[PDB]
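[1] this one is an experimental structure. Sequence first:
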Amino acid sequence: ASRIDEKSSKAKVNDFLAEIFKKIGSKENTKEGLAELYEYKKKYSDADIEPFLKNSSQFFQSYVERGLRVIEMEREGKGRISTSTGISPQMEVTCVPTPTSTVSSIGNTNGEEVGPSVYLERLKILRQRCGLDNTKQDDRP
């Protein structure tokens, strides 16, 4: 424990945030990292994050702030996502549109049919690079 204790307060939070940034830094985990940052920012309406941004390099700070607004736009559903209510392509005119393999979609998953798993899986994978979560007994492992 420390008398200032203020350092300890930001110490824990920074590490958590740091994990989110590493996801942002990777191209693959950018959606995941941005999405959590947006949600976290929503929880704390920012406020808490600013000290962290100054702490890191200045150039990198502008992009993250810009990226967060666009994530919300998708959540809002405004119009980027939308194209039509639900119209299937037709050559000329039909009584009823006919579904096709391209037009139709199939929901297939392989152990990743739950949202939390992506977070658990991606973060661990980035994380093992940082360290090892493998603990073993010193005596006859």
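    Received the coordinates, thanks. Numbers count the residues shown, from 1 in each chain.
[2] show residues contacting the helix or strand where residue 70 lies.
    Using DSSP states H and E, residue 70 maps to helix 58-76. Contacting residues not belonging to helix 58-76 are listed as 21, 24, 34, 35, 37, 38, 41, 53, 54, 80, 81 [C-beta atoms under 8 Å, 6 or more residues apart in numbering]. C-beta coordinates here come from the backbone N, C-alpha and C atoms, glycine included.
[3] just the buried residues from the residues you listed, in PyMOL please.
    Restricted to buried positions by 16 or more other C-beta atoms under 10 Å, the PyMOL selection for the contacts of helix 58-76 reads:
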select buried, resi 21+24+34+35+37+38+41+53
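[4] now residue 124. Nearest residue, chain neighbours left out?
    residue 133 (7.1 Å; C-beta to C-beta, 6 or more residues apart in numbering).
[5] state the distance from residue 31 to residue 46.
    Per C-beta to C-beta, to the nearest Å, residue 31 is found 20 Å from residue 46.
[6] what residues does the helix or strand that the helix holding residue 70 is followed by touch?
    Sequence-wise, the next helix or strand downstream of helix 58-76 (DSSP H and E) is helix 115-130. Residues from elsewhere that reach helix 115-130 (C-beta under 8 Å, 6+ apart): 19, 22, 23, 26, 28, 29, 32, 36, 111, 112, 133.
[7] just the buried members of those residues?
    Counted by 16+ other C-beta under 10 Å, those give 22, 23, 29, 32, 36 as buried.
[8] so can I have TSV of those showing distance to residue 72 and secondary structure?
    Output for the buried ones among the contacts of helix 115-130, formatted as TSV (distance: C-beta to C-beta, whole Å; DSSP: H, G, I helix; E, B strand; the rest coil):
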residue	distance to residue 72	secondary structure
22	22	helix
23	18	helix
29	19	coil
32	16	helix
36	13	helix
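[9] okay, which residue is most central for the protein?
    Centroid check for the chain by C-alpha atoms, centre = their mean gives residue 32 as the closest residue, at 1.6 Å.
[10] before I go, just wanted to say thanks for your time.
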